[PDB]
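# Close look at the chain arrangement
Here are the chains, one letter per residue:
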Amino acid sequence: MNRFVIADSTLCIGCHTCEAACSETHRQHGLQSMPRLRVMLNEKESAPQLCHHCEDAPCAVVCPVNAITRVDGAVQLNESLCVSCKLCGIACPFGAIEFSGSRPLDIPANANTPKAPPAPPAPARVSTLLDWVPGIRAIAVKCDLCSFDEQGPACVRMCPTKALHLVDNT
Amino acid sequence: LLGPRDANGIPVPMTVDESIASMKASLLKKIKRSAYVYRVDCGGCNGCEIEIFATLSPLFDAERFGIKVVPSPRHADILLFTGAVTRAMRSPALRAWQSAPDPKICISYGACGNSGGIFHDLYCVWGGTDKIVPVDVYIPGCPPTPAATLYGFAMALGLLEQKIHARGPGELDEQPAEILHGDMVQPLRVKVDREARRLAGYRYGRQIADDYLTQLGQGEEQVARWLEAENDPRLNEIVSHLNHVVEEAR
Amino acid sequence: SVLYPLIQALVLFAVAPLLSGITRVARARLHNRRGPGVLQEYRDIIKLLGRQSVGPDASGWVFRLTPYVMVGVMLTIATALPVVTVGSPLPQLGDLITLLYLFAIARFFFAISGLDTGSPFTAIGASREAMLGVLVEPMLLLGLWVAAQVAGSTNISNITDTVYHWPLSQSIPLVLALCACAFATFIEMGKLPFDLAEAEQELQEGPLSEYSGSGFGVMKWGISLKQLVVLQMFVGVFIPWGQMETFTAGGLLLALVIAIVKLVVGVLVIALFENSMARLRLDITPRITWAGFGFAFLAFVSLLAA
Amino acid sequence: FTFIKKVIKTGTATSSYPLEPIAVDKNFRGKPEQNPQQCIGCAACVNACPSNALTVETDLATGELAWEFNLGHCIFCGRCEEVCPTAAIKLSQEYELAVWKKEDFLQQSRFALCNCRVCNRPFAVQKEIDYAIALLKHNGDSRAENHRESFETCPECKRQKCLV
Amino acid sequence: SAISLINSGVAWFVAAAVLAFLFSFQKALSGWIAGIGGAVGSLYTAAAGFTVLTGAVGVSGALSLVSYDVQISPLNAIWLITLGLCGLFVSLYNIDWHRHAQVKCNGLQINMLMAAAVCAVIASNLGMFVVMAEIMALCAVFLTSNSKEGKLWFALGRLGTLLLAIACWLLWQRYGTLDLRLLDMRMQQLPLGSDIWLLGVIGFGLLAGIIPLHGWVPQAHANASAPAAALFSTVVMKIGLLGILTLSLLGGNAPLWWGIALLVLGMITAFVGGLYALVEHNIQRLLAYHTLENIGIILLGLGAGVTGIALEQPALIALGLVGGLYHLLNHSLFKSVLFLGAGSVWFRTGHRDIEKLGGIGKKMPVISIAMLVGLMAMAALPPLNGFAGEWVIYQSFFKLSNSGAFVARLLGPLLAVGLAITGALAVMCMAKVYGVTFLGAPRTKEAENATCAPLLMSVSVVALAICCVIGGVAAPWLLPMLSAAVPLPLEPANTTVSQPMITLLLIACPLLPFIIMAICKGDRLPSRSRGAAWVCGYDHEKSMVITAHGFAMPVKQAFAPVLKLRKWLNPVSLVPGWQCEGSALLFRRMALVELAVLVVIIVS
Amino acid sequence: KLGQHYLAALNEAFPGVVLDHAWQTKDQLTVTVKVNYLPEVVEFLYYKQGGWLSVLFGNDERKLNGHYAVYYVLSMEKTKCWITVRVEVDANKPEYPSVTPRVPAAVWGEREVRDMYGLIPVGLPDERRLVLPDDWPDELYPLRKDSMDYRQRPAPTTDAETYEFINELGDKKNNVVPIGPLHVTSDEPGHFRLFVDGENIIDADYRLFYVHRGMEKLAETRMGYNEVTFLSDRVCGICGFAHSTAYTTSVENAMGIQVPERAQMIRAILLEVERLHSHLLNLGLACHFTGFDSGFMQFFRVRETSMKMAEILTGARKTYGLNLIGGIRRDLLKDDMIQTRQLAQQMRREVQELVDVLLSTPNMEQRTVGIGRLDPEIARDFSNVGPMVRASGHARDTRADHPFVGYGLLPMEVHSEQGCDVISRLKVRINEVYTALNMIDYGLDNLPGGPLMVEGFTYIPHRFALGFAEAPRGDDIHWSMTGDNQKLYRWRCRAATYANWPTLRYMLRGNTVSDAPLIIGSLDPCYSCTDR
Ligand code: SF4
Ligand code: FCO
Ligand SMILES: [Fe+3]
Ligand code: NI
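Residues numbered from 1 in each chain as written, not as in the entry; some residues may be left out. Chains lettered and ligands numbered in written order. Heavy atoms only, no water.

As documented in the archive entry, the model was determined using cryo-EM at 2.6 Å resolution.

Operational definition: UniProt positions are given in the numbering used here, feature names are shortened, and annotations may be inferred rather than shown by experiment.
By the naming in the PDB entry, chain F is Formate hydrogenlyase subunit 5, taken from Escherichia coli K-12. Looking at the Subunit heading of the UniProt record, one finds this comment for chain F: "FHL comprises of a formate dehydrogenase, unidentified electron carriers and a hydrogenase (isoenzyme 3). In this non-energy conserving pathway molecular hydrogen and carbodioxide from formate are released." The UniProt entry for chain F carries this comment under Sequence similarities: "Belongs to the complex I 49 kDa subunit family."

For chain E, the PDB entry supplies the name Formate hydrogenlyase subunit 3 and the organism Escherichia coli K-12. As its UniProt record puts it under Subunit, chain E is described as follows: "FHL comprises of a formate dehydrogenase, unidentified electron carriers and a hydrogenase (isoenzyme 3). In this non-energy conserving pathway molecular hydrogen and carbodioxide from formate are released."

Structure (structure tokens):
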């Protein structure tokens, strides 16, 4: 009674094409461009892990702003409603939520001019459940099944080995 | 150069010689009942400046404490600094500091003056009044209220004592957080609080949702008798939507 | 006789900053505010006397010497003013020309201090100080002159005695010269709408902008004493009936009480006038000052007619 | 004079502050009070602060998250109270906030971090994990009633368990 | 006797002029000779004046140099004291004035001016007074900077002799004599006509500078040397007043309108000179207009005296004719102070414009103090020597006000009102002059590199300022010594002024705020002179310094018709040959022909 | 679609010059024209079509279409709509023809795009540095997206000011009277150079942008959409809610966000509460500058009633913090309705007594009548806004010409005068107090019901519109481009006195130094609004 994308480890080669394809379709839409499926590699096989779109959905239980609902059999997190409280990343038992925020638009990472002393560097990244940069509002980033896109999930379409497919159990 | 700079040419705060700075206690004693204040707007948004004007108002009257706003820095005992010190306002602020009799009391007024405020890291400012001149008194607020300005002036002149103090890390830090409204379902409380913020805003929504769920924990007759006491139609509108949310949850 | 005139000079200097306190209290009451006490100006002068006197680098001894010169000039005027007696304490300084040219000394020194600092605001305020002094002298001299003509003498003692033993037949020239001298007293006290030199909100109170510390304190004290001696020239000559013709120790207390009440009522009426309007400009002031010269000329014509 | 009637008709409008307090509205946005017990170190308020009055620093050496509120930075907008999940931070009606030392502006907290069960790297505030565990226990959860070590695991290590 | 003293003075002046002309190949030696001889001749002239004023009787005699009849009345002894006390320090100034590379020898011109002036004072015949006044006027117009600045002086100064020669011919025809003693006896039955008096007053005011016959005065003073300009303002313009007072007081019988005309003309001269000075930036043109203001005050005194003679009121005669003459002598003193000090500032800087002359008070401090004394003396601020004669003229104005004659009662308060206006304008002008010259920052590099004045310059200016302070403070004693010239008691109307009480009270009374600042000075940090003036936090530019142009714009607005009267009443386009190319040069050539033939015929 | 007839007239006059046109709102049209026909198009829409130049600005769109973009927003006021004239400027050669030789209102944004963007308006008569300070380094343009980091603070190139001032009507024989940056009347820093002949202003130049902090760079680097609402509250502490509302209804206008009807009227009410304190601040300072310090005290005593209303309605006295994108953050329960209704009726009887003691002030008529005259055709050419142009006879007002928030449902009356002097600019502001009290009294009696915000919406990237609020000193035009779901791409703010300052020179000519603080105060200057 839920819709999600699952990966096959015996078919996946760990090329990270799906991570780039998921990043591009959300960057064009203005959403968070962090990849919502992450490729994990034991030394023997590999498969990207993403949101299971659970029936009980413990992330939606602990959300203090009700940003996480169920739409069309899919657990959907409202990115504009999230207040970055990061409770959903603890409650998720599958590690499907990490935390990234939008950086300034079309401004390079090293934008320092030689005409001034350089800007203070960013703090060292420990964990997205703990990091905070003053210009960056790191909100919860999970798979939304590319529901804005008419072609469906971009990770499934751009997988060369067809290791990803949707499980439409509705 | 009007102000001191570092090896990179970036301006640094002006020090005050120890012989001159050892007289600030005596100046603070003798300006208790007669204080002359020169306002130095170093690049604020005018919010701080016009609550100083409202501290000269008939309602909030600062002259009864012996505080007179002076036309020139030459007359000043207290130099009142507002603003994040913009680049075009560094040199006039230092000129007002230098064309004033020594010793001088510096009151940093407002968040912008205290640390830069909301512009604490911008390119065309310096980040507060302590980045150019030493500061005796910090008055926070964006802008401070004229009551806060009166309190800061009276605390600088020694008529009143400082009330707030720093809170360091202690042991409450590890005493665990309590669940809000633990006698009810927490996603329902989230939905009720979000619906009450939609209709009433964050400030009234939290007050209305907390009161409504407190009355709902006792009974529906308890909610209805609470609405009769308030006798506000807008609150009846909001509690009707909250009841609709509670009924949709059931 | 070398003590009455100096005792009067010491008494007026010491109280001059209390009449400024009535002025600043009545200003606060007309601003609908509680305001400070009557000793705020003294509290402000004593604080400034222990404050460092600074100045511009392009200034010399004139800038440092002017406040003490103006205080000494006002003390010199105050020894010759009838306060508790009808006659002057020092009648050889009591000529109206003498007391008019003594005031010109302090306006000259005020104007050269504003040209010594090099500021545009101080120099423009010096320029207004001297120009208001230009504009007000015809009316003040013609009023005092008409009173001296109705008194047979330019001495302030004899003018005060003639207003005291008021003549009645020469009532119209005396009343019109009194109105001219009252208006002249209001302009010479630098009171709004004629505060064209120390015009904060324009010149950062003019030549006072460069003064600091003890120099600013002695300047504020000289301004207060100048206002006191101008108002005392009016109210101790044209309202002399609380004074006494011969000095007695028994009648001294009532004379000081009536002199203090006259000064307080004068600064209260003056406060009611200055806190109730906008200040003028220097290009429109001559029409109003020529109109006071008019009250004085009407006085002068009413002496020629009769 | 119309000005003199106006002055006489008004009277004295000056209050007696500081002798008698000056009333501010029940919902006046004064100083943000902060309950350190109710705070879970979630930095939701830190992410919503426009003037960066709220800062967190991850101090690995002390194994803690350094929560801090700076009153000299605060623009008194109330967004911390708006986005707070536990309602730990709230704007009071206090306005008498002037200091002599700007260190007195600081409201500091230090919450112990939680090391991951698998990689022993500090990944989250232990207080926030305890609050999430209590929240799931309140809604009826067995993963919270029996398995706290799954909540004290980092999301990368929780993604490694799904690989098998 | 005083006749031998004045003969020695005339001989020393003539020998000084001759040996200054012959030894003019070395300018320093010529200046030393001219200054020493002029100082000795001025000492003899002042000694003769003091002798005649102390003896309280006129002396008679003749000069041994040429056949020149001499009467020295006590009235003319004040002019002798004036001339000697000016020319002594003017010549001692001239000694170090001849050390400048850009100046020329002038001691022949200066000492011939002094000799002709002294012989005009001690003149017996009115025709001879008109001869020595023109010898002085030619020796004065040759002291100008160039031919362009003495063209109007040659035109007006000879016009005034054509009128004086017509008046003297008319006196010869009506009385058969020009001796002043004989004319005084012959006009106790037949009075002096008003046509003769009008011609003489217009001709002498063309030399004394009565406005509007004053047109040569600022041109003449504009770029002349400092001893020359000081002698113009203190000697040459005072001989015309001597002629006016001589002609007005012959017969002791004056018409009423003579004194009335003198008072109006004096009021016109005083107010117009004091107002026109406040619109000048050349210091010497300003001091020329201020010489005109003081000439107007001396006539307000002399006209009050003549009006009292006409109304037979001896108190008015005494007050007017003592205040005017005391103001005349003390004006000469402080006008000499100001012209010599401004010339010292020009000596050290090269500038007569005070807009290019900032901050001289720190570079020339002794000169700055003496100039301050002179400028306060000219504003008639007590207890200096300008207030001493002006206070007495106000007492004469009060005597005019309480008279029976309706014209005296009408003019009396009005002349006092005008004198108050003139004094306030004077205070404004001296505030401007001391502020933009000796105060503030320097405005040119010449004002920065000014050093102290030379020794005899400083001695002359300081000694003249000391004489100004003496004539101010000791005025209650020096004023009754003029009762020899006017044998009448001085009666102010139930009032008195004591300048020593004002002197002691303007120094002791400022010590009291100093005493209280020294008591209430707890830990006040010492005084600071650190930076620029406060211009609201911006950088202080040179254009933020308000100068003499912007200080006196309100008097250009509030006295617009009087300042515009200088352009409507000017008959410069109505004279046909005035705008010719070589008119000033031809005026100069026939000036030396007239001076040459006059010197040739007067030795005969 | 409003402005179709204007687009047809533009295509009829200059065939082919319009390349691309699009509608962002039903009353907002943006046309893309050829770069070298830009001064003819803006002059055509300015004089032939009777438009008013609201804001002109640059946009670093080199990563969108490879070109710098200069927008030229024209307010059609002969229904009324907006026309934005857009050109594409080459990135390698940032040169475009200047509109200032044809439209005199174009002098300052063309000076601003030199400073913030480095574009070169060819033919601009005044190339003086305007927005950047004197110690800012050359060829360092902060609003370019790759030129510099927003946290970088360069070393000052100088400590003394290097700005050059223009004295047209005078000579070097004039003195200068520096009013500001730290004058008594300088409530906020602004330096005014009075080229005087004594006490008569021959000509007047001025240096501003002392208060410039770099706010438009902060809005696209460290701030999110909802954080600029509090940043816009700090553009100017006097009209901060005007900036807050103009920013909020430009993101919402770009996205088509349907704000609830209750939030729009409370936005319209608090824009009038902000108007109440600002006009009494100006009227009190107008009394203050003439020496009438009692009128300064009287007007600031009544101003505290509106500050009490602002504290009741918003929770703060001045910096309201009311607007979020999609709605407002506070409701009005009855103690809020009851107290503010009492205070608004208290304010009306109490302002009326102050106007009587202001028009009967003994020297207020000779200080204000005929002083600081703004010539009406000078005000048309430079596109002056608000009470300063409404006193000059041009009855233009945003709340009426371009209706926004809940102003279509409020009793609006446009107040204009015909005398062009200090007193009439006060008389516009006096009459606007009574109209603001009328809309507050009606608004507090006729509030709609329903929610206060919408939320959960997503921002579509690279969407833009105009945001306009009528600030107390005239129109406040904001232009926001959405960058992604969290951050903006470009936020331009143009305040009222930015359109009103360039005619201060003609207003200060022929007056006195004692009149000069009053003439500046009559412009009702908001320096922090101008500088940002
Ligand atoms: S602290 Fe706030 S109100 Fe004060 S100047 Fe800064 S931004 Fe404006
Ligand atoms: N009012 C206001 Fe502020 C300005 N100028 C805006 O917009
Ligand atoms: Fe881990
Ligand atoms: Ni503003």
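## Quick word on the overall build of chain E
To keep things clear, this is the line we draw: Each helix is a run of DSSP H or I of at least 4 residues and each strand a run of E of at least 2, with the numbering of both proceeding from the N terminus. Computation of the radius of gyration draws on C-alpha atoms alone. For the globule rule, the value is 2.2 Å times the number of residues to the power 0.38. Relative accessibility thresholds used throughout: buried, under 20% of the residue-type maximum; exposed, over 50%; partly exposed, between the two (1.4 Å probe, protein chains only). Note on contacts: a residue pair is in contact if any heavy atoms of the two residues lie within 4.5 Å.
Secondary structure summary: chain E contains 26 helices and three strands in total. For chain E, the C-alpha radius of gyration of 24 Å lies close to 25 Å, the compact-globule estimate for 604 residues. By the burial criterion, 65% of the 604 residues in chain E qualify as buried. Contacts in chain E between residues at least 24 apart in sequence constitute 81% of all its contacts with a sequence separation of at least 6.

## Topic: the sheet that holds strand β3 (residues 51-59) of chain F
Residue and element names in this part refer to chain F. Condition: The criterion for strand pairing is that DSSP finds at least two bridges linking the strands in question. For helices, the fitted line uses only the C-alpha atoms of the stretch in contact; every axis is such a line through C-alpha atoms, and the angle between N-to-C directions lies from 0 to 180 degrees.
Strands sit in the order β1-β2-β5-β4-β3 across an open sheet of five strands; the sheet is mixed. Bordering the open sheet on either side are β1 (18-25) and β3, each of which pairs with just one other strand. When strand polarity is set aside, the average angle formed by the axes of neighbouring strands in this sheet is 20°. Note: β1 against strand β2 (residues 28-33), six bridges, orientation antiparallel. Across the sheet, the residue bridging to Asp20 is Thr32, located in β2.

## Quick notes on the site of ligand 1
Let me state the cut-off plainly: Proximity criterion: a residue is near a molecule or strand once any of its heavy atoms comes within 4 Å of it. Residues are grouped as follows: nonpolar covers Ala, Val, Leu, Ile, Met, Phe, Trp, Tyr, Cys and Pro; charged covers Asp, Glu, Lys and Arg; every other residue, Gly included, is treated as polar.
Around ligand 1 sit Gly44, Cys45, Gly47, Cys48, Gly110, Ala111, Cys112, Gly141, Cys142 and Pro143 of chain B together with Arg234 of chain F, and that is every residue in its neighbourhood. At the site occupied by ligand 1, the surrounding residues belong to chains B and F. Among the secondary structure elements, those contributing two or more residues to the shell around ligand 1 are α3 (47-53) and α5 (111-115) of chain B. Tallied by class, the residues present in the shell around ligand 1 amount to six nonpolar, four polar and one charged.

## Considerations on the site of ligand 2
Residue and element names in this part refer to chain F. Basically, it comes down to this: Here a polar contact is recorded for every N or O atom pair within 3.5 Å, except that within protein the pair must consist of a potential hydrogen donor and a potential acceptor, and residues adjacent in sequence are included only if both atoms are side-chain atoms.
Close to ligand 2 lie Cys239, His243, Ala471, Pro472, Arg473, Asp476, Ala495, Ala496, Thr497, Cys526 and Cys529. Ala496 is positioned with one of its backbone polar atoms (N or O) 3.3 Å from a nitrogen atom of ligand 2. In this structure, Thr497 approaches ligand 2 through a side-chain N or O atom, which is 2.8 Å from a nitrogen atom. The residue makeup of the shell around ligand 2, split by class, is seven nonpolar, two polar and two charged.

## Observations regarding the coordination of the iron ion (ligand 3)
All names here are of chain D. Counted only if it meets this: The donor set covers N, O and S atoms within 2.8 Å of the metal, switching to 3.2 Å for Na, K and Ca, and it leaves out water, so a site may look short of donors.
Only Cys116 (SG), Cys119 (SG), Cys154 (SG) and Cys157 (SG) from the protein reach the iron ion (ligand 3) as donors, at distances of 2.2 to 2.3 Å. Here the donor residues for the iron ion (ligand 3) map to a single chain with the spacing C-x2-C-x34-C-x2-C. On the basis of relative accessibility, which here comes to 5%, the residue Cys154 falls in the buried class. Residue class for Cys157 comes out buried when judged on its relative accessible area of 11%.

## Quick notes on unusual backbone geometry
It is generally the case that most residues other than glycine have a negative phi and that most peptide bonds are trans. Look at the link from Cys142 of chain B to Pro143 of chain B: it is a cis peptide, with omega at -5°. Along the chain, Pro143 of chain B turns up in the loop between β5 (137-139) and α6 (146-156). The step from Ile211 of chain E to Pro212 of chain E runs through a cis peptide bond, and the omega angle for that step is 10°. Mapped onto the elements of the fold, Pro212 of chain E is located in the loop between α8 (194-208) and α9 (216-222). Within the chain, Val85 of chain B stands out as a residue other than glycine whose phi angle is a positive 55°. Since its relative accessible area comes to 0%, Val85 of chain B is described here as buried. Backbone geometry at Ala380 of chain E places phi at a positive 55°, although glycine is not the residue there.

## Structural notes on the coordination of the nickel ion (ligand 4)
Residue and element names in this part refer to chain F. As a reminder of what qualifies: In short, tetrahedral needs four donors with all angles between 85 and 135 degrees, square planar needs four and octahedral six donors with opposite donors over 155 degrees apart and all other angles between 65 and 115, and whatever is left is irregular.
Around the nickel ion (ligand 4), the donor atoms from the protein are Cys236 (SG), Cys239 (SG), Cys526 (SG) and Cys529 (SG), and they sit 2.2 to 2.3 Å away. Every donor counted, the four donor atoms about the nickel ion (ligand 4) form angles of 73 to 170° at the centre, which fits irregular coordination. Written as a sequence motif, the donor arrangement for the nickel ion (ligand 4) is C-x2-C-x286-C-x2-C. The distance between the nickel ion (ligand 4) and the iron atom of ligand 2 comes to 2.5 Å, and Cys239 binds to both of them. Residue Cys239 is located in the loop between α5 (225-232) and α6 (240-255), and its partner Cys526 is located in the loop between α17 (516-522) and α18 (527-531); the two are separated by 287 residues in the primary sequence.

## Observations concerning the domain arrangement of chain F
Residues and elements named next belong to chain F. Our working definition: Domain start and stop points were drawn from an automatic or database domain assignment. Joining two parts hides part of their accessible area as seen by a 1.4 Å probe, and the buried area is that hidden amount summed over both. Salt bridges are identified by distance alone: a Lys or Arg side-chain nitrogen within 4 Å of an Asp or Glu carboxyl oxygen.
Assigned domains of chain F: these are domain 1 (4-122) and domain 2 (215-531). Each of domain 1 and domain 2 was reduced to a C-alpha centroid, and the two centroids are 27 Å apart. Between domain 1 and domain 2, the residue contacts involve 37 residues of the former and 29 residues of the latter. For the pair domain 1 and domain 2, the summed buried surface comes to about 2800 Å²; carbon and sulfur atoms form 57% of the total. When the area that domain 1 buries against domain 2 is broken down by residue, the three leading residues are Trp52, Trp82 and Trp108, summing to 24%. Counting across the domain 1 and domain 2 interface gives three salt bridges. Between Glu112 and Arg492 there is a salt bridge; the shortest N-O distance is 3.1 Å. Summed over the shared surface of domain 1 and domain 2, the number is 18 residue pairs in polar contact. Elements represented by at least two residues in the side of domain 1 that touches domain 2 include exactly β1, β2, α2 (38-48), β3, β4 (67-76), β5 (81-90) and α3 (107-116). The element best represented in the side of domain 1 that touches domain 2 is β3, accounting for nine residues.

## A look at the packing of aromatic side chains
Residues and elements named next belong to chain C. Using the following cut-off: Each pair of aromatic rings taken from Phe, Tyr and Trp, with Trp reduced to its six-membered ring, is defined by centres within 6.5 Å and is described as stacked if the planes are under 30 degrees apart, edge-to-face if over 60, and tilted in the remaining cases.
Across all of its chains, the model carries 64 aromatic pairs over all chains by this definition. Here the aromatic rings of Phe13 and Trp221 are separated by 4.1 Å at their centres, their planes lie at 5°, and the arrangement is stacked. Of this pair, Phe13 sits in helix α1 (residues 4-30) while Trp221 sits in helix α8 (residues 213-237), and the two are 208 residues apart along the sequence. Note on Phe13: relative accessible area 3%, which makes it buried.

## Topic: the pattern of salt bridges
In the structure shown here, the tally under the stated rule is 111 salt bridges over all chains. Here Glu79 of chain A ties to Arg36 of chain A by a salt bridge, and the two come within 2.5 Å at their closest N and O atoms. Of the two residues, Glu79 of chain A sits in the loop between β5 (74-77) and α3 (87-91) while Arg36 of chain A sits in the loop between α1 (17-28) and β2 (38-41), which places them 43 residues apart along the sequence. By relative accessible area, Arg36 of chain A is classed as buried at 2%. Of the charged contacts in the structure, one is a salt bridge between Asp203 of chain F and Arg505 of chain F, with a shortest N-O distance of 2.9 Å. Taken together, the positions of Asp203 of chain F in strand β10 (residues 201-207) and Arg505 of chain F in helix α16 (residues 504-508) put the pair 302 residues apart, joining distant regions of the chain. This pair shows no difference in class: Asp203 of chain F is buried, exactly as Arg505 of chain F is. When salt bridges with common partners are traced through the structure, they connect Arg128, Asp195, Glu202, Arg279, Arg281 and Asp283 of chain C together with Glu199, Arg367 and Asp515 of chain F into a single cluster.

## Quick word on the packing of helix α15 (residues 365-378) of chain E against helix α17 (residues 406-438) of chain E
Residue and element names in this part refer to chain E. Put simply, the test is: Roughly parallel covers angles under 35 degrees, roughly antiparallel covers those over 145, roughly perpendicular covers 65 to 115, and oblique covers all other angles. Left-handed describes a crossing whose near helix is turned anticlockwise from the far helix through less than a right angle; right-handed describes the clockwise counterpart.
Across the interface, α15 lies against α17 with an axial gap of 9 Å and an inter-helix angle of 165°. Comparing the axis directions of α15 and α17 gives the class roughly antiparallel. The interaxial crossing formed by α15 with α17 has right-handed handedness. Taken together, the residues of α17 that come into contact with α15 (itself represented by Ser368, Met371, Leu372, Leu375 and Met378) are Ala426, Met430, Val433, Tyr434 and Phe438.

## Focus on the layout of surface pockets
What counts here: With a 1 Å grid spanning the protein atoms alone, the term cavity applies to any set of points in which a 1.4 Å probe fits but cannot get out, the term pocket to an open set with protein on both sides within 12 Å along at least five of seven lines, and the term lining residue to any residue with an atom within 4 Å of a point. Grid points are joined across faces, edges and corners, and a volume is the space filled by probe spheres set on the points.
Considered as a void within the structure, the largest pocket measures approximately 1300 Å³ in volume. In terms of lining, the largest pocket is formed by 48 residues, of which the most central are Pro120, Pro121, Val133 and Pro134 of chain A together with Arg151 of chain F. Going through the elements one at a time, β2 (54-59) and β3 (64-70) of chain D together with α4 (215-221) of chain F are the ones with two or more residues in the lining of the largest pocket. For the lining of the largest pocket, the leading source of residues is β2 of chain D, giving four residues. When grouped by side-chain class, the residues that make up the lining of the largest pocket number 22 nonpolar, 12 polar and 14 charged.

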